[PDB]
């Protein structure tokens, strides 16, 4: 049987399709309890944030417009903080501090959202970065849902 816990998690996220794809990518999904799904989901979210940090660095490295560069630098600082916060989220989950887990996953989520908010009006955000922000948000939401299901 599919992990019954997946039926409680994915429908509560903002992107259930992505949630399913992410959780089903675990070969050992069925053996995982809520904590196990949590650690897996933090790992996925942090890896995405780390990749996007490199995407932003690459976009910056080809930019000369000062306003655009300032937007990328803001995105970069936010992703750096998001990576740090997700790192700490793992320890909080291990310790059973689900309140701190929610707060730190919420902060990580908002790193991507702050990048998004920084691109209001021209110069417009690159599609690549817009998609990467929405992805971190979707992935962090898996973590948030699990943090609320944990006792």
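Positions refer to the first chain, counted from 1.
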{"query": "Selected stretch [higher average CA B-factor]: 57 to 65 or 110 to 118", "finding": "57 to 65"}
{"query": "Between the two ranges 136 to 144 and 9 to 17, the one averaging a larger CA B factor in the entry", "finding": "9 to 17"}
{"query": "Which of 48, 85, 99, 31 ranks first by CA B-factor in the deposited coordinates", "finding": "31"}
{"query": "Modelled-residue ranking by C-alpha temperature factor, third containing residue 125", "finding": "highest"}
